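Novice: I am sharing upload-v7.txt, which consists of compact mmCIF, C-alpha atoms:
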```txt
# COMPACT_ATOMS: atom_id res chain seq x y z
CA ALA A 2 -75.63 -102.31 -172.87
CA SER A 3 -74.59 -98.67 -172.55
CA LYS A 4 -71.67 -97.79 -170.28
CA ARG A 5 -72.37 -95.49 -167.33
CA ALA A 6 -70.25 -92.66 -165.92
CA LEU A 7 -70.45 -90.88 -162.58
CA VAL A 8 -69.09 -87.33 -162.46
CA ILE A 9 -68.86 -85.93 -158.93
CA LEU A 10 -69.44 -82.16 -158.92
CA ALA A 11 -68.37 -80.12 -155.91
CA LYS A 12 -68.24 -76.39 -155.22
CA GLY A 13 -65.06 -74.93 -156.67
CA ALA A 14 -64.74 -77.53 -159.42
CA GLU A 15 -62.99 -76.34 -162.57
CA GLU A 16 -65.98 -76.01 -164.93
CA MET A 17 -63.97 -76.76 -168.09
CA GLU A 18 -62.59 -79.98 -166.58
CA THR A 19 -66.18 -80.88 -165.71
CA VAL A 20 -68.06 -79.95 -168.89
CA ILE A 21 -65.60 -81.26 -171.47
CA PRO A 22 -65.61 -84.81 -170.12
CA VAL A 23 -69.39 -84.82 -169.60
CA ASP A 24 -70.00 -83.49 -173.11
CA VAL A 25 -67.51 -85.80 -174.82
CA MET A 26 -68.72 -88.92 -172.98
CA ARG A 27 -72.34 -88.20 -173.90
CA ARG A 28 -71.23 -87.82 -177.52
CA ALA A 29 -69.79 -91.32 -177.07
CA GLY A 30 -73.20 -92.68 -176.11
CA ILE A 31 -72.20 -93.05 -172.46
CA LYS A 32 -74.98 -92.50 -169.90
CA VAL A 33 -73.48 -89.75 -167.74
CA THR A 34 -74.74 -88.78 -164.30
CA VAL A 35 -73.53 -85.43 -162.98
CA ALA A 36 -73.87 -85.79 -159.20
CA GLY A 37 -73.67 -82.90 -156.77
CA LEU A 38 -71.48 -83.61 -153.75
CA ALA A 39 -73.54 -81.34 -151.47
CA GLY A 40 -76.89 -82.35 -152.93
CA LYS A 41 -79.20 -81.49 -155.84
CA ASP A 42 -78.69 -77.73 -155.61
CA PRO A 43 -76.79 -75.87 -158.37
CA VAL A 44 -73.00 -75.80 -158.00
CA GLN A 45 -70.86 -72.66 -158.22
CA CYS A 46 -67.69 -73.65 -160.09
CA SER A 47 -64.22 -72.10 -159.79
CA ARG A 48 -64.85 -69.39 -162.40
CA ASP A 49 -68.40 -68.72 -161.19
CA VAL A 50 -70.10 -70.80 -163.86
CA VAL A 51 -73.18 -72.32 -162.21
CA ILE A 52 -74.00 -75.91 -163.19
CA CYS A 53 -77.11 -77.79 -162.06
CA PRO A 54 -76.38 -81.47 -161.36
CA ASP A 55 -78.61 -84.26 -162.65
CA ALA A 56 -78.87 -85.56 -159.10
CA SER A 57 -77.37 -85.53 -155.62
CA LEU A 58 -74.41 -87.82 -155.00
CA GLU A 59 -76.38 -89.47 -152.20
CA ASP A 60 -78.99 -90.54 -154.75
CA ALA A 61 -76.61 -91.30 -157.63
CA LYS A 62 -74.58 -93.41 -155.21
CA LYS A 63 -77.61 -95.67 -154.89
CA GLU A 64 -77.90 -96.06 -158.67
CA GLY A 65 -74.50 -97.66 -159.15
CA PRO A 66 -72.36 -99.34 -160.19
CA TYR A 67 -70.66 -97.15 -162.81
CA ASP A 68 -68.08 -98.10 -165.43
CA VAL A 69 -66.08 -95.04 -164.46
CA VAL A 70 -66.08 -92.50 -161.64
CA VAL A 71 -64.80 -89.11 -162.75
CA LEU A 72 -63.17 -86.56 -160.47
CA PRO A 73 -62.91 -83.05 -161.97
CA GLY A 74 -60.09 -80.78 -160.88
CA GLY A 75 -60.08 -77.29 -159.43
CA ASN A 76 -58.17 -76.66 -156.20
CA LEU A 77 -61.13 -75.97 -153.96
CA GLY A 78 -63.21 -78.57 -155.75
CA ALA A 79 -60.59 -81.27 -155.17
CA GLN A 80 -60.34 -80.30 -151.50
CA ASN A 81 -64.09 -80.84 -151.15
CA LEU A 82 -63.82 -84.26 -152.80
CA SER A 83 -60.84 -85.16 -150.59
CA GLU A 84 -62.76 -84.37 -147.41
CA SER A 85 -65.90 -86.28 -148.43
CA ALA A 86 -66.58 -89.60 -146.71
CA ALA A 87 -69.16 -90.40 -149.39
CA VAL A 88 -66.49 -90.02 -152.07
CA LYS A 89 -64.05 -92.16 -150.09
CA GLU A 90 -66.58 -95.01 -150.04
CA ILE A 91 -67.47 -94.60 -153.71
CA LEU A 92 -63.82 -94.78 -154.81
CA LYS A 93 -62.94 -97.66 -152.50
CA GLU A 94 -65.87 -99.62 -153.90
CA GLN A 95 -64.93 -98.75 -157.49
CA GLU A 96 -61.33 -99.81 -156.87
CA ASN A 97 -62.51 -103.03 -155.22
CA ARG A 98 -64.75 -103.93 -158.16
CA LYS A 99 -61.89 -103.15 -160.54
CA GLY A 100 -63.72 -100.19 -162.05
CA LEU A 101 -62.05 -97.31 -163.86
CA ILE A 102 -61.31 -94.16 -161.87
CA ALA A 103 -60.46 -90.98 -163.76
CA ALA A 104 -59.21 -87.74 -162.21
CA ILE A 105 -57.87 -84.54 -163.79
CA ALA A 106 -55.68 -81.61 -162.65
CA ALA A 107 -55.95 -81.23 -158.85
CA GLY A 108 -58.50 -84.04 -158.91
CA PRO A 109 -55.94 -86.85 -158.41
CA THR A 110 -55.11 -85.46 -154.95
CA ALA A 111 -58.50 -86.86 -153.90
CA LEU A 112 -57.11 -90.32 -154.67
CA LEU A 113 -54.29 -89.70 -152.21
CA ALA A 114 -56.71 -88.46 -149.55
CA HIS A 115 -58.70 -91.69 -149.84
CA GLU A 116 -55.66 -93.95 -150.29
CA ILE A 117 -56.70 -95.02 -153.79
CA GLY A 118 -54.42 -96.84 -156.20
CA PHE A 119 -51.16 -96.43 -154.28
CA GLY A 120 -48.20 -97.43 -156.41
CA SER A 121 -49.79 -96.13 -159.61
CA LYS A 122 -47.98 -93.87 -162.05
CA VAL A 123 -49.98 -90.65 -162.14
CA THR A 124 -49.93 -87.07 -163.33
CA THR A 125 -51.64 -83.93 -162.04
CA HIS A 126 -51.65 -80.24 -162.71
CA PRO A 127 -48.05 -79.04 -162.15
CA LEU A 128 -49.20 -76.98 -159.15
CA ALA A 129 -50.71 -80.05 -157.48
CA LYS A 130 -47.67 -82.32 -157.85
CA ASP A 131 -46.20 -81.69 -154.38
CA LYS A 132 -49.54 -82.36 -152.69
CA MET A 133 -50.01 -85.56 -154.72
CA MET A 134 -46.49 -86.79 -153.97
CA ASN A 135 -46.61 -86.22 -150.20
CA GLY A 136 -45.35 -89.51 -148.80
CA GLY A 137 -44.23 -90.90 -152.16
CA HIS A 138 -47.27 -93.16 -152.55
CA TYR A 139 -47.35 -92.65 -156.31
CA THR A 140 -44.79 -92.28 -159.08
CA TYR A 141 -45.04 -89.01 -161.00
CA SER A 142 -45.45 -88.57 -164.76
CA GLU A 143 -45.36 -85.50 -167.03
CA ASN A 144 -47.54 -87.17 -169.66
CA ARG A 145 -50.60 -85.10 -170.60
CA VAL A 146 -52.69 -88.21 -169.93
CA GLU A 147 -51.48 -91.09 -167.77
CA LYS A 148 -53.22 -94.45 -167.53
CA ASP A 149 -51.91 -97.09 -165.17
CA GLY A 150 -54.39 -99.93 -165.21
CA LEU A 151 -57.66 -98.68 -163.73
CA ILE A 152 -56.28 -95.29 -162.64
CA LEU A 153 -56.49 -92.62 -165.34
CA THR A 154 -55.14 -89.13 -164.67
CA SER A 155 -54.65 -85.88 -166.59
CA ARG A 156 -53.12 -82.42 -166.08
CA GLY A 157 -55.48 -79.50 -166.68
CA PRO A 158 -58.13 -77.63 -168.70
CA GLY A 159 -55.85 -77.89 -171.72
CA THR A 160 -55.71 -81.68 -171.43
CA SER A 161 -59.44 -82.16 -170.82
CA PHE A 162 -60.26 -83.37 -174.35
CA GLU A 163 -57.40 -85.89 -174.34
CA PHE A 164 -58.59 -87.00 -170.88
CA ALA A 165 -62.20 -87.39 -172.01
CA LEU A 166 -61.25 -89.23 -175.19
CA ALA A 167 -59.07 -91.61 -173.15
CA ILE A 168 -62.08 -92.44 -171.00
CA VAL A 169 -64.16 -93.06 -174.12
CA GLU A 170 -61.54 -95.40 -175.59
CA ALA A 171 -61.32 -97.31 -172.31
CA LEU A 172 -65.09 -97.83 -172.14
CA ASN A 173 -66.26 -97.94 -175.76
CA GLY A 174 -63.10 -98.64 -177.76
CA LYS A 175 -60.88 -96.56 -180.02
CA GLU A 176 -63.15 -96.76 -183.06
CA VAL A 177 -65.85 -94.88 -181.17
CA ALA A 178 -63.22 -92.53 -179.76
CA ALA A 179 -62.06 -91.67 -183.28
CA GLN A 180 -65.66 -91.15 -184.42
CA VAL A 181 -66.41 -88.81 -181.52
CA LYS A 182 -63.13 -86.94 -181.99
CA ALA A 183 -63.46 -85.96 -185.68
CA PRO A 184 -66.38 -83.49 -185.32
CA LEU A 185 -64.63 -81.69 -182.43
CA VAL A 186 -62.10 -80.01 -184.72
CA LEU A 187 -59.22 -80.73 -182.37
CA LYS A 188 -55.69 -80.02 -183.60
CA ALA B 2 -61.06 -50.17 -165.91
CA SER B 3 -61.66 -53.82 -166.83
CA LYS B 4 -63.16 -54.98 -170.11
CA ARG B 5 -66.69 -56.38 -170.19
CA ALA B 6 -68.00 -59.37 -172.13
CA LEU B 7 -71.53 -60.48 -172.98
CA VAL B 8 -72.09 -64.19 -173.64
CA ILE B 9 -75.58 -64.94 -174.97
CA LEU B 10 -76.72 -68.37 -173.78
CA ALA B 11 -79.61 -70.05 -175.58
CA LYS B 12 -81.15 -73.51 -175.31
CA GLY B 13 -79.15 -75.95 -177.39
CA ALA B 14 -75.88 -74.05 -177.05
CA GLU B 15 -72.76 -76.21 -177.14
CA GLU B 16 -71.74 -76.21 -173.47
CA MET B 17 -68.01 -76.52 -174.18
CA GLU B 18 -68.05 -73.55 -176.57
CA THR B 19 -69.84 -71.61 -173.83
CA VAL B 20 -67.88 -72.57 -170.70
CA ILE B 21 -64.37 -72.44 -172.14
CA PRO B 22 -64.65 -68.81 -173.29
CA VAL B 23 -66.42 -67.71 -170.08
CA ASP B 24 -63.79 -69.44 -167.96
CA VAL B 25 -60.77 -68.20 -169.93
CA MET B 26 -62.05 -64.62 -170.11
CA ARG B 27 -62.64 -64.52 -166.36
CA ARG B 28 -59.10 -65.81 -165.85
CA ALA B 29 -58.10 -62.78 -167.94
CA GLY B 30 -59.75 -60.41 -165.49
CA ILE B 31 -62.59 -59.70 -167.89
CA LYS B 32 -65.98 -59.06 -166.29
CA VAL B 33 -68.15 -61.66 -168.01
CA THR B 34 -71.94 -61.68 -168.05
CA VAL B 35 -73.61 -64.93 -169.09
CA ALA B 36 -77.03 -63.81 -170.31
CA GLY B 37 -79.91 -66.17 -170.96
CA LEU B 38 -81.72 -65.54 -174.24
CA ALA B 39 -85.08 -66.79 -172.96
CA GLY B 40 -84.62 -65.24 -169.53
CA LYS B 41 -82.91 -65.84 -166.20
CA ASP B 42 -83.94 -69.50 -165.98
CA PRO B 43 -81.38 -72.34 -166.25
CA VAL B 44 -80.45 -73.30 -169.81
CA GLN B 45 -80.33 -76.87 -171.11
CA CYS B 46 -77.31 -77.10 -173.42
CA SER B 47 -76.82 -79.42 -176.42
CA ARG B 48 -75.37 -82.25 -174.34
CA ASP B 49 -77.84 -81.75 -171.48
CA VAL B 50 -75.47 -79.84 -169.23
CA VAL B 51 -77.65 -77.31 -167.39
CA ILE B 52 -76.10 -73.87 -166.90
CA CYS B 53 -77.55 -71.03 -164.85
CA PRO B 54 -77.12 -67.59 -166.46
CA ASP B 55 -75.95 -64.63 -164.40
CA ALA B 56 -78.92 -62.71 -165.77
CA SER B 57 -81.54 -62.49 -168.51
CA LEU B 58 -80.48 -60.98 -171.83
CA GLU B 59 -83.24 -58.40 -171.40
CA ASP B 60 -81.58 -57.05 -168.26
CA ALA B 61 -77.99 -57.59 -169.43
CA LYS B 62 -78.81 -55.52 -172.52
CA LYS B 63 -79.46 -52.61 -170.16
CA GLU B 64 -76.02 -52.86 -168.56
CA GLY B 65 -74.26 -52.41 -171.89
CA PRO B 66 -72.24 -51.62 -173.84
CA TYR B 67 -69.78 -54.52 -173.85
CA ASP B 68 -66.26 -54.74 -175.26
CA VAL B 69 -67.19 -58.02 -176.89
CA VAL B 70 -70.39 -59.92 -177.58
CA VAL B 71 -69.86 -63.68 -177.71
CA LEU B 72 -72.05 -66.12 -179.62
CA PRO B 73 -71.51 -69.77 -178.63
CA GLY B 74 -72.12 -72.51 -181.16
CA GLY B 75 -74.38 -75.52 -181.15
CA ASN B 76 -76.76 -76.14 -184.05
CA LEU B 77 -80.00 -75.51 -182.17
CA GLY B 78 -78.47 -72.79 -180.03
CA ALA B 79 -77.26 -70.86 -183.07
CA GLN B 80 -80.74 -71.23 -184.56
CA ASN B 81 -82.28 -69.64 -181.48
CA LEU B 82 -79.79 -66.77 -181.63
CA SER B 83 -80.49 -66.31 -185.35
CA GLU B 84 -84.23 -66.03 -184.72
CA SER B 85 -83.92 -63.54 -181.86
CA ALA B 86 -84.85 -59.92 -182.54
CA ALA B 87 -83.08 -58.98 -179.30
CA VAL B 88 -79.86 -60.53 -180.58
CA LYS B 89 -80.23 -58.72 -183.91
CA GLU B 90 -80.40 -55.35 -182.15
CA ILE B 91 -77.48 -56.12 -179.84
CA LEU B 92 -75.22 -57.14 -182.73
CA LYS B 93 -76.27 -54.21 -184.91
CA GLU B 94 -75.49 -51.86 -182.03
CA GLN B 95 -72.15 -53.56 -181.35
CA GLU B 96 -71.26 -53.40 -185.04
CA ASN B 97 -72.26 -49.73 -185.25
CA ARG B 98 -70.19 -48.84 -182.17
CA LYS B 99 -67.26 -50.75 -183.66
CA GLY B 100 -67.15 -53.27 -180.83
CA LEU B 101 -65.77 -56.79 -181.15
CA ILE B 102 -68.15 -59.63 -182.02
CA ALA B 103 -66.98 -63.21 -181.56
CA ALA B 104 -68.80 -66.34 -182.72
CA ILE B 105 -67.77 -70.00 -182.76
CA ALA B 106 -68.82 -73.15 -184.63
CA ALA B 107 -72.43 -72.72 -185.82
CA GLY B 108 -72.54 -69.42 -183.97
CA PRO B 109 -71.38 -67.35 -186.98
CA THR B 110 -74.56 -68.30 -188.84
CA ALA B 111 -76.33 -65.89 -186.48
CA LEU B 112 -74.20 -63.14 -188.03
CA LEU B 113 -75.66 -64.02 -191.42
CA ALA B 114 -79.22 -64.08 -190.08
CA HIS B 115 -78.76 -60.55 -188.72
CA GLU B 116 -76.72 -59.26 -191.69
CA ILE B 117 -73.63 -58.59 -189.56
CA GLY B 118 -70.19 -57.89 -191.00
CA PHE B 119 -70.92 -58.82 -194.62
CA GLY B 120 -67.70 -58.98 -196.61
CA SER B 121 -65.70 -60.38 -193.70
CA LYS B 122 -63.45 -63.42 -194.00
CA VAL B 123 -64.92 -65.98 -191.61
CA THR B 124 -64.78 -69.61 -190.55
CA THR B 125 -67.36 -71.92 -188.98
CA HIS B 126 -67.72 -75.54 -188.02
CA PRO B 127 -67.33 -77.53 -191.27
CA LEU B 128 -70.97 -78.62 -191.08
CA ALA B 129 -72.13 -75.00 -190.90
CA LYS B 130 -70.20 -73.74 -193.94
CA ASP B 131 -73.05 -74.12 -196.44
CA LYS B 132 -75.52 -72.25 -194.22
CA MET B 133 -72.98 -69.48 -193.57
CA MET B 134 -72.13 -69.14 -197.27
CA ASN B 135 -75.72 -68.96 -198.56
CA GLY B 136 -75.65 -65.91 -200.80
CA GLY B 137 -71.88 -65.49 -200.69
CA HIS B 138 -71.98 -62.60 -198.22
CA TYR B 139 -68.76 -63.75 -196.58
CA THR B 140 -65.50 -65.27 -197.77
CA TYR B 141 -64.74 -68.65 -196.19
CA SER B 142 -61.59 -69.61 -194.29
CA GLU B 143 -60.22 -72.95 -193.02
CA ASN B 144 -58.23 -71.26 -190.24
CA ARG B 145 -58.97 -72.57 -186.74
CA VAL B 146 -59.47 -68.96 -185.64
CA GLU B 147 -60.28 -66.18 -188.10
CA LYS B 148 -60.20 -62.50 -187.23
CA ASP B 149 -61.24 -59.92 -189.80
CA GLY B 150 -61.33 -56.56 -188.10
CA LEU B 151 -64.04 -56.62 -185.44
CA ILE B 152 -65.42 -60.02 -186.50
CA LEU B 153 -63.78 -62.99 -184.78
CA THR B 154 -64.83 -66.54 -185.62
CA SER B 155 -63.75 -70.08 -184.79
CA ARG B 156 -64.60 -73.66 -185.78
CA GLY B 157 -65.65 -75.91 -182.90
CA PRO B 158 -65.26 -77.36 -179.39
CA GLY B 159 -61.67 -78.21 -180.25
CA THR B 160 -60.85 -74.61 -181.17
CA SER B 161 -62.57 -73.08 -178.14
CA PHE B 162 -59.34 -72.37 -176.24
CA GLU B 163 -57.73 -70.70 -179.27
CA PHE B 164 -60.97 -68.73 -179.73
CA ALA B 165 -61.06 -67.61 -176.08
CA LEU B 166 -57.38 -66.65 -176.02
CA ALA B 167 -57.89 -64.64 -179.21
CA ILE B 168 -60.64 -62.68 -177.46
CA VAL B 169 -58.35 -62.09 -174.48
CA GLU B 170 -55.53 -60.80 -176.69
CA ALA B 171 -57.95 -58.53 -178.55
CA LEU B 172 -59.23 -57.00 -175.30
CA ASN B 173 -56.33 -57.19 -172.83
CA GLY B 174 -53.25 -57.73 -175.00
CA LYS B 175 -50.74 -60.45 -175.87
CA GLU B 176 -49.03 -60.28 -172.47
CA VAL B 177 -52.18 -61.12 -170.51
CA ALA B 178 -53.08 -63.79 -173.06
CA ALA B 179 -49.76 -65.56 -172.53
CA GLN B 180 -50.08 -65.31 -168.73
CA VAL B 181 -53.55 -66.86 -168.77
CA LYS B 182 -52.51 -69.56 -171.24
CA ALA B 183 -49.55 -71.04 -169.32
CA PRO B 184 -51.56 -72.52 -166.40
CA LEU B 185 -54.04 -74.19 -168.78
CA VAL B 186 -51.51 -76.82 -169.86
CA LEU B 187 -52.52 -76.49 -173.51
CA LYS B 188 -50.56 -78.53 -176.05
```
The structure in this file should be written as structure tokens.
Specialist:
Amino acid sequence: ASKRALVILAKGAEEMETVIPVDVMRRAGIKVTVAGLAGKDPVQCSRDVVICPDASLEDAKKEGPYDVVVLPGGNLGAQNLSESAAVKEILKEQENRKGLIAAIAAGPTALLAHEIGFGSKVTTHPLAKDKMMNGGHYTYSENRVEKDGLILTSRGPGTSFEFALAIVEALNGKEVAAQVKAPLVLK
Amino acid sequence: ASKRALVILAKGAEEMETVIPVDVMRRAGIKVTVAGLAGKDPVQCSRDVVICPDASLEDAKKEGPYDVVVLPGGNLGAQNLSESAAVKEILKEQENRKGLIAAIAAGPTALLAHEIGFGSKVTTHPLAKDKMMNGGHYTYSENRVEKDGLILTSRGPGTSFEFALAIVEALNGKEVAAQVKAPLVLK
């Protein structure tokens, strides 16, 4: 009955873009699984914050399917996601089953690497735009949060709450989103 | 030299109110030490995100003094901070040395527990106002970020960026604060 979310955590991930969505989704009653790309070991994020995943991606991948697969940003983190064959398979399967895919900041560049959702209108961190647009497989947007069907993208740490709340609305509805939002004291 | 910051991490701390300041301060070139209240073991935050401290508070306390002591929020986390004799001593020392003390959400209630900065104008998460105002030792504010001398407070996850940038400006200046802010893509 409860929606499930898979958050793929790789070394170099932007910790704020990882923690805000995980926190907000759990406030929404979503069962969130933080899966480590390299395994079950703790992950050293971009600003040295060390986060211990709930499980390895290899294991979490066997506990699917998920209502949403979340790709945090962070330059080095995104590169790790982009080079992962496991991630490629996870996203292809999610896209095939018509499941939501959400990526923030540099995270969307992983979609390009795995040829996911070509033709979609997307946004990324301003510094990741060129990389994301290489080949013109997507149409760029400056919106803080962009949702084109089952592809949901966002721009950076500063858009993480909007990003997370958009995921919540897509999975649990806007009433729940509004309920979760109020206590956050967002402007 | 570079400024130093001490972030006291206790079980039940709100992970967003912990990670955002740590991340933003490090982007500001501030040497941040995430110290675990109970020790050097991983800490289970309010929304189950597990964070590994850089060191135990016991050891971090020996590497002082710090230019700012940061108290994250989270109902249960703030309660642990409020009940800690180690925290009481650290804050008293910081207050006596005229060093900055910054607390967010429920975090300010730890200031009350340790009789820190009485008379200061402060803010807290709306649900922590009554606890903070017990006895009328402070004057309450609705401002998203309140700074009365060396006592800096904020309201919640949604004010974490404002809170963190306020700390940066207080330690490294308005110029550095603006430089760090731009890449965040804040609204």
Novice: Quick one, how far is atom CA of residue 130 of chain B from atom CA of residue 181 of chain A?
Specialist: 19.9 Å
Novice: Output as JSON lines one row per residue of chain B within 7 Å of chain A: the closest atom pair and its distance in Å to one decimal place, counting all atoms listed in the file, sorted by chain and residue number ascending.
Specialist:
```
{"residue": "B:16", "atom": "CA", "partner": "A:20", "partner_atom": "CA", "distance": 7.0}
{"residue": "B:17", "atom": "CA", "partner": "A:21", "partner_atom": "CA", "distance": 6.0}
{"residue": "B:20", "atom": "CA", "partner": "A:17", "partner_atom": "CA", "distance": 6.3}
{"residue": "B:21", "atom": "CA", "partner": "A:17", "partner_atom": "CA", "distance": 5.9}
{"residue": "B:24", "atom": "CA", "partner": "A:48", "partner_atom": "CA", "distance": 5.7}
{"residue": "B:27", "atom": "CA", "partner": "A:48", "partner_atom": "CA", "distance": 6.7}
{"residue": "B:48", "atom": "CA", "partner": "A:24", "partner_atom": "CA", "distance": 5.6}
{"residue": "B:51", "atom": "CA", "partner": "A:53", "partner_atom": "CA", "distance": 5.4}
{"residue": "B:52", "atom": "CA", "partner": "A:52", "partner_atom": "CA", "distance": 4.7}
{"residue": "B:53", "atom": "CA", "partner": "A:51", "partner_atom": "CA", "distance": 5.3}
{"residue": "B:156", "atom": "CA", "partner": "A:186", "partner_atom": "CA", "distance": 6.9}
{"residue": "B:157", "atom": "CA", "partner": "A:186", "partner_atom": "CA", "distance": 5.7}
{"residue": "B:158", "atom": "CA", "partner": "A:185", "partner_atom": "CA", "distance": 5.3}
{"residue": "B:159", "atom": "CA", "partner": "A:187", "partner_atom": "CA", "distance": 4.1}
{"residue": "B:160", "atom": "CA", "partner": "A:187", "partner_atom": "CA", "distance": 6.4}
{"residue": "B:185", "atom": "CA", "partner": "A:159", "partner_atom": "CA", "distance": 5.1}
{"residue": "B:186", "atom": "CA", "partner": "A:159", "partner_atom": "CA", "distance": 4.8}
{"residue": "B:187", "atom": "CA", "partner": "A:159", "partner_atom": "CA", "distance": 4.0}
{"residue": "B:188", "atom": "CA", "partner": "A:159", "partner_atom": "CA", "distance": 6.9}
```
Novice: How big is the axis-aligned box around the listed atoms of segment 67-83 of chain A once 3 Å is added on each side, and where is its centre? Give both in Å to one decimal, as AutoDock Vina command-line options.
Specialist:
```
--center_x -64.4 --center_y -87.0 --center_z -158.0 --size_x 18.5 --size_y 28.1 --size_z 20.8
```
Novice: Could you tell me how far atom CA of residue 117 of chain B lies from atom CA of residue 96 of chain B, in Å and to one decimal?
Specialist: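 Interatomic distance here is 7.3 Å.
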Novice: Which of these, B:174, B:142, B:39, B:121, has the shortest distance to residue 88 of chain B once you count all atoms listed in the file?
Specialist: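 Smallest separation from residue 88 of chain B among the options: B:39.
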Novice: I'd like the contact shell of residue 7 of chain A - 12 Å cut-off, only C-alpha atoms, skipping same-chain residues fewer than 4 positions apart - returned as an NGL selection string.
Specialist: :A and (19 or 22-23 or 26-27 or 31-38 or 54-58 or 60-73 or 88 or 91-92 or 95 or 100-104 or 168)
Novice: Quote the spacing between atom CA of residue 153 of chain A and atom CA of residue 75 of chain B in Å to one decimal place.
Specialist: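 For atom CA of residue 153 of chain A relative to atom CA of residue 75 of chain B, the distance reads 29.4 Å.
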Novice: Within 9 Å of (-61.4, -79.9, -157.5) (coordinates as in the file), grab all the protein and nucleic acid residues, counting all atoms listed in the file, and write them out as JSON, numbers by chain.
Specialist: {"A": [10, 11, 12, 13, 14, 15, 47, 72, 73, 74, 75, 76, 77, 78, 79, 80, 81, 82, 83, 105, 106, 107, 108, 109, 110, 111]}
Novice: Would you save the residues from that selection as a tab-separated table (two decimals), in the coordinates of the input, using C-alpha atoms?
Specialist:
```tsv
chain	number	residue	atom	x	y	z
A	10	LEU	CA	-69.44	-82.16	-158.92
A	11	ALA	CA	-68.37	-80.12	-155.91
A	12	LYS	CA	-68.24	-76.39	-155.22
A	13	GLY	CA	-65.06	-74.93	-156.67
A	14	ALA	CA	-64.74	-77.53	-159.42
A	15	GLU	CA	-62.99	-76.34	-162.57
A	47	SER	CA	-64.22	-72.10	-159.79
A	72	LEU	CA	-63.17	-86.56	-160.47
A	73	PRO	CA	-62.91	-83.05	-161.97
A	74	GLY	CA	-60.09	-80.78	-160.88
A	75	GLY	CA	-60.08	-77.29	-159.43
A	76	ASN	CA	-58.17	-76.66	-156.20
A	77	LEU	CA	-61.13	-75.97	-153.96
A	78	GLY	CA	-63.21	-78.57	-155.75
A	79	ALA	CA	-60.59	-81.27	-155.17
A	80	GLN	CA	-60.34	-80.30	-151.50
A	81	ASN	CA	-64.09	-80.84	-151.15
A	82	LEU	CA	-63.82	-84.26	-152.80
A	83	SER	CA	-60.84	-85.16	-150.59
A	105	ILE	CA	-57.87	-84.54	-163.79
A	106	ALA	CA	-55.68	-81.61	-162.65
A	107	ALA	CA	-55.95	-81.23	-158.85
A	108	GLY	CA	-58.50	-84.04	-158.91
A	109	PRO	CA	-55.94	-86.85	-158.41
A	110	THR	CA	-55.11	-85.46	-154.95
A	111	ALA	CA	-58.50	-86.86	-153.90
```
Novice: Skipping near chain neighbours, those fewer than 5 positions away, what residues fall within 12 Å of residue 136 of chain B using only C-alpha atoms, listed as JSON, numbers by chain?
Specialist: {"B": [113, 114, 116, 119, 120, 130, 131]}
Novice: Taking into account all atoms listed in the file, which residue in the set B:3, B:173, B:85, B:124 is nearest to residue 152 of chain B?
Specialist: B:124
Novice: Starting from the incomplete input, reconstruct N, CA, C and O atoms of segment 24-32 of chain B and write that as a tab-separated table (two decimals), in the frame of the given file.
Specialist:
```
chain	number	residue	atom	x	y	z
B	24	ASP	N	-64.84	-69.12	-168.91
B	24	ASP	CA	-63.79	-69.44	-167.96
B	24	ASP	C	-62.49	-68.68	-168.28
B	24	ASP	O	-61.96	-67.96	-167.44
B	25	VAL	N	-62.00	-68.85	-169.50
B	25	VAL	CA	-60.77	-68.20	-169.93
B	25	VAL	C	-60.81	-66.68	-169.82
B	25	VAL	O	-59.84	-66.06	-169.40
B	26	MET	N	-61.93	-66.07	-170.19
B	26	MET	CA	-62.05	-64.62	-170.11
B	26	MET	C	-62.00	-64.15	-168.66
B	26	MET	O	-61.39	-63.12	-168.36
B	27	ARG	N	-62.64	-64.89	-167.77
B	27	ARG	CA	-62.64	-64.52	-166.36
B	27	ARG	C	-61.23	-64.67	-165.78
B	27	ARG	O	-60.83	-63.90	-164.90
B	28	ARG	N	-60.47	-65.63	-166.30
B	28	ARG	CA	-59.10	-65.81	-165.85
B	28	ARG	C	-58.29	-64.60	-166.31
B	28	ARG	O	-57.26	-64.27	-165.73
B	29	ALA	N	-58.77	-63.95	-167.38
B	29	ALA	CA	-58.10	-62.78	-167.94
B	29	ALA	C	-58.51	-61.49	-167.24
B	29	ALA	O	-58.08	-60.40	-167.63
B	30	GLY	N	-59.33	-61.60	-166.21
B	30	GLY	CA	-59.75	-60.41	-165.49
B	30	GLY	C	-60.87	-59.66	-166.17
B	30	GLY	O	-61.18	-58.52	-165.82
B	31	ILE	N	-61.49	-60.30	-167.16
B	31	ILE	CA	-62.59	-59.70	-167.89
B	31	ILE	C	-63.88	-59.95	-167.10
B	31	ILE	O	-64.10	-61.05	-166.58
B	32	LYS	N	-64.71	-58.92	-166.99
B	32	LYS	CA	-65.98	-59.06	-166.29
B	32	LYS	C	-66.96	-59.65	-167.29
B	32	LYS	O	-67.44	-58.97	-168.19
```
